[PDB]
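**Q** Give me the fold of what follows.
(one chain, ligands or ions: 3)
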Amino acid sequence: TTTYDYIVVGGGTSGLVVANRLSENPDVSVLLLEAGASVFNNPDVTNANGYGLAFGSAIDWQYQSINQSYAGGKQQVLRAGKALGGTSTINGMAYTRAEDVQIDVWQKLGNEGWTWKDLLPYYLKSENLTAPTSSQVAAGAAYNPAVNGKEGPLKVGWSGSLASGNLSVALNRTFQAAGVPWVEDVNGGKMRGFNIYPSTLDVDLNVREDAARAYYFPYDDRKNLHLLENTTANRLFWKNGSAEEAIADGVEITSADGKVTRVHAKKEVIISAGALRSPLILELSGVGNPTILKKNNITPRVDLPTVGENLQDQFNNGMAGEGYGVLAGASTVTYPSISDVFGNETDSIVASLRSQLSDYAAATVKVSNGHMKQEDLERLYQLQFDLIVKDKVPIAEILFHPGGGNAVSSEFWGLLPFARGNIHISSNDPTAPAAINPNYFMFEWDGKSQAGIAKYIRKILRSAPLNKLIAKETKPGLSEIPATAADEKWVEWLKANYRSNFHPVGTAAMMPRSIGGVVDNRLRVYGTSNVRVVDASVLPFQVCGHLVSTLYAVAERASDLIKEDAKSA
Ligand SMILES: Cc1cc2nc3c(=O)[nH]c(=O)nc-3n(C[C@H](O)[C@H](O)[C@H](O)COP(=O)(O)OP(=O)(O)OC[C@H]3O[C@@H](n4cnc5c(N)ncnc54)[C@H](O)[C@@H]3O)c2cc1C
Ligand SMILES: O=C1O[C@H](CO)[C@@H](O)[C@H](O)[C@H]1O
Ligand SMILES: O=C1O[C@H](CO)[C@@H](O)[C@H](O)[C@H]1O
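**A** Numbering: from 1, shown residues only. Ligands and ions are numbered 1, 2, ... in the order given. Take a look at the structure below.
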């Protein structure tokens, strides 16, 4: 009565895709476990313009970092969705993907089958894009039909409120004058440019298109698909027998009524609890660094000491200006390259970074207490360097939107910092807060690039034709950071005012085991027969764009791999 073919732990962005796809086989039973509950009628969620409203609420996990020792010692809140739909219920709504070559790097790493060419069909499979209205088109909204799906569960489209306005027209021209092309679609593998981005929006209903509205609710009539909400997965438990290779028997759970029980999986357990939880579940299950497991009175079952290591996140800053009059128009995204941002200074910046890569790798070794090797980190960082410098992938995202009245707001983040951190359990109590350490600002590039982006935005606000609309910069403003200001004043300000960008990846990274990978190219946890991780944990490097599009695609592909593996096994 407690047995299912598959258990999916976490009914979030990724997990709901897997549960959907596996349950396409009517003879396969799937159990979803989700710690939160439906947010179908939570207005903080449904509101197409409600991003931010849910922060601090019962549907925000509000995870907490440790003191960030490279950024002045301040701890950072790391937000995440506690809801059916996971973090797709509380996030921003921009639908953007990744650079083609940066997905190709996954296969170069040694992960067979993971290239842009191989992933593109799964982006398409996930997506149902609604074409823009005539008025949205006049404002700049466009897409390439060849790279957008029309049949998938995730509705994508442009806001009902999208209109031409002085701001969006001026930003297009001003970015073009800075040498950044207007591009019609950032989602065909080439992201560099200025774009009127689409969103995860159901335009028929004008509501947020979260992962549950996409992949769960229209399918919840399936009798082979089962959901336990308000149910916390504590750890996996294992079949007992001298298979040295570990076989999961099921998942231990705590219900809302406080009952603590087991559910069993006949085939596989799929862990989709997010990059800040999936590794904890592995550790609590005895899969991880034996030093940490033993310290916390957990019997080691698989010696896999990079569980929770290789955490990579971005950090987010904001600037603002004031118009002479009211500012209006479509929200915009710009993805500039290193040379777009740095102009005549690019060669200097590249030379400096080049000269630092080995030092960054050496410095990263201690983060994992020696469980990644310098030589291997150096090769990883060389891949990332080549993406930035040789392929000229975007190094920044810059968002602009009207800020109400005469205000214009920009938020921005460096896309590819080199800092790595980690996350680990603090006890064997599943409710105890983890030790989460992204190491924001660890390396010079990370802060120098952020500063370069900020200076670039300062310049944009003062450039034509935008400067005809914008009276002045209000944040930071010239009093706080004078026009004559050096790189370092900007870095200090950015450190004082940043937040997490809430894009953590890599804590159960898909890489060869021999360079510290946690899952193989089919997302199977090393040393296990039948456990996978399918969520942001597995991304081995950061990507340029907004994570959900890529996680949907990765989970779509994973689902096919799981089905293939069942047929022979
Ligand atoms: C505020 C914010 C804004 C963002 N902005 C954007 C954006 O505009 N666009 C974009 O694409 N991305 C954005 N991101 C990132 C993106 O939303 C996430 O990377 C993505 O949703 C993560 O998906 P996931 O499947 O890894 O995990 P999640 O969606 O977080 O799913 C994990 C699920 O597991 C559940 N869970 C966790 N622990 C347990 C347990 N022990 N037992 C049972 N269930 C459990 C959770 O409650 C959750 O439902 C944003 C993130 C945040 C926090
Ligand atoms: O993807 C994102 O877009 C958001 C803007 O839409 C930003 O605020 C979040 O920090 C970021 O995670
Ligand atoms: O997290 C934050 O703290 C910053 C100050 O510490 C603030 O300026 C930003 O607006 C905010 O995102």
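**Q** Same question for stretch 500-514: list its buried residues.
**A** 500-512 (16 or more other Cβ atoms under 10 Å). To be clear about C-beta, it is placed using only N, CA and C from the backbone, and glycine gets the same treatment.
**Q** Check those residues against residue 93 and report the nearest one.
**A** Nearest to residue 93 among these: residue 502, at 13.7 Å, using Cβ to Cβ.
**Q** Return the residues in contact with that closest one.
**A** 78, 79, 80, 87, 91, 313, 316 (Cβ atoms under 8 Å, 6 or more residues apart in numbering).
**Q** make it 7 Å
**A** For residue 502, the contact set (Cβ atoms under 7 Å, 6 or more residues apart in numbering) comprises 78, 79.
**Q** quick one: furthest residue from the center of this protein?
**A** Centroid-distance maximum for the chain: residue 242 at 38.7 Å, with Cα atoms, centre = their mean.
**Q** Point me to the helix or strand that includes it.
**A** Using DSSP states H and E, residue 242 falls within no helix or strand.
**Q** what's it sitting at in phi/psi?
**A** Residue 242 adopts backbone torsions of phi -80, psi 30, taken as degrees, to the nearest 10.
**Q** element containing residue 283?
**A** Per DSSP H and E: helix 278-284 holds residue 283.
**Q** Enumerate the residues of the chain near ligand 2.
**A** Residues of the chain lying near ligand 2 by Cβ under 6 Å from any ligand atom: 92, 94, 316, 399, 411, 501, 502, 503, 546.
**Q** Any figure for the gap between the residue nearest to residue 510 when sequence neighbours are not counted and residue 275?
**A** Nearest residue to residue 510, sequence neighbours excluded (Cβ to Cβ, 6 or more residues apart in numbering): residue 538, at 4.5 Å. As for residue 538, its distance to residue 275 is 9 Å (criterion: Cβ to Cβ, to the nearest Å).
**Q** what is in contact with these two at once?
**A** Common contacts of residue 538 and residue 275 (Cβ under 7 Å, 6+ apart): none found.
**Q** can you give me the helices for the stretch 151-300 of the chain?
**A** For the stretch 151-300 of the chain, the helices defined by DSSP state H, counting those that start in this stretch cover 166-177, 211-215, 278-284, 290-295.
**Q** For the third one, C-alpha coordinates in CSV please.
**A** Written as CSV, here are the backbone C-alpha positions of helix 278-284 (Å, rounded to 0.1, in the frame of the first residue of the first chain):
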residue,chain,number,x,y,z
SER,A,278,18.9,17.7,-2.7
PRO,A,279,22.5,17.4,-1.5
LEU,A,280,21.2,17.5,2.1
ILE,A,281,18.9,14.6,1.4
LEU,A,282,21.8,12.7,-0.1
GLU,A,283,23.9,13.4,3.0
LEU,A,284,21.1,12.4,5.4
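**Q** who's in contact with it?
**A** In contact with helix 278-284 (Cβ under 7 Å, 6+ apart) are residues 9, 233-235, 271, 273, 288, 292-293, 298, 307-308, 423-425, 428, 430, 434, 507-508, 525, 533, 535, 537.
**Q** Please indicate which of those are buried?
**A** By 16+ other Cβ under 10 Å, the contacts of helix 278-284 give 9, 233-235, 271, 273, 288, 292-293, 298, 307-308, 423-425, 430, 434, 507-508, 525, 533, 535, 537 as buried.
**Q** Restricted to strands, list those residues.
**A** 9, 233, 234, 235, 271, 288, 423, 424, 533 (DSSP state E).
**Q** Count residues in the vicinity of the residue nearest to the fourth one when sequence neighbours are not counted, would you?
**A** So that's residue 235. Nearest residue to residue 235, sequence neighbours excluded (Cβ to Cβ, 6+ apart): residue 284, at 3.8 Å. Residue 284 has 22 neighbours, counted by other Cβ atoms under 10 Å.
**Q** that older thread, now do the contacts for the residue farthest from the centre of the chain.
**A** Taking Cβ under 7 Å, 6+ apart as the definition, residue 242 has no contacts.
**Q** For it, give its distance to residue 529.
**A** From residue 242 to residue 529 the distance is 14 Å (Cβ to Cβ).
**Q** can you check residue 280 too?
**A** Distance, residue 280 to residue 529, by Cβ to Cβ: 22 Å.
**Q** Between those two, which has more neighbouring residues?
**A** residue 280 (24 against 14).
**Q** In the longest helix anywhere in the chain, which residues are buried?
**A** With DSSP state H setting the assignment, residue counts place helix 547-568 as the longest helix in the chain. Within helix 547-568, the residues that qualify as buried are 547-559, 561-562, counting by 16+ other Cβ under 10 Å.
**Q** List of residues touching that helix?
**A** So helix 547-568 is in contact with 13-14, 17-18, 21-22, 88, 91, 95-98, 119, 122-123, 125-126, 154, 200, 267-268, 503, 522-523, 532, 534-536, 543, going by Cβ under 7 Å, 6+ apart.
**Q** tell me the SS of residue 329?
**A** Classification of residue 329 by DSSP: H, G, I helix; E, B strand; the rest coil places it in coil.
**Q** got a list of what it touches?
**A** Contacts of residue 329 by Cβ under 7 Å, 6+ apart are 139, 163, 164, 165, 166, 167, 168, 169, 402.
**Q** And for residue 175?
**A** Listed by Cβ under 7 Å, 6+ apart, the contact set of residue 175 reads 194, 334.
**Q** ok, back up a step: which among the buried residues of stretch 500-514 gets closest to ligand 1?
**A** residue 502 (3.4 Å; Cβ to the nearest ligand atom).
**Q** how much space is there between whichever residue of the stretch 1-150 of the chain sits closest to ligand 2 and residue 61?
**A** Nearest residue of the stretch 1-150 of the chain to ligand 2: residue 92, at 2.2 Å (Cβ to the nearest ligand atom). Relative to residue 61, residue 92 is positioned 17 Å away (Cβ to Cβ).
**Q** quick one, which of those two is more surrounded?
**A** residue 61 (21 against 14).
**Q** quick one, phi psi at the more buried one?
**A** As for residue 61, its main-chain torsions (degrees, to the nearest 10) stand at phi -60, psi -30.
**Q** How about the contacts made by it?
**A** So residue 61 contacts 80, 82 (Cβ under 7 Å, 6+ apart).
**Q** and it, how far is that from residue 448?
**A** Taken as Cβ to Cβ, the span from residue 61 to residue 448 is 32 Å.
**Q** With residue 520 instead?
**A** Taken as Cβ to Cβ, the span from residue 520 to residue 448 is 36 Å.
**Q** So which of the residues of the chain next to ligand 2 belong to strands?
**A** Going by DSSP E, the strands hold 316, 399, 411 from the residues of the chain next to ligand 2.
**Q** What are the neighbouring residues in contact with the closest residue to the first one other than its chain neighbours?
**A** What it means is residue 316. The spatially closest residue to residue 316, leaving aside those adjacent along the chain, is residue 501, at 4.1 Å (Cβ to Cβ, 6+ apart). Residues counted as contacts of residue 501 (Cβ under 7 Å, 6+ apart) are 313, 314, 315, 316, 413.
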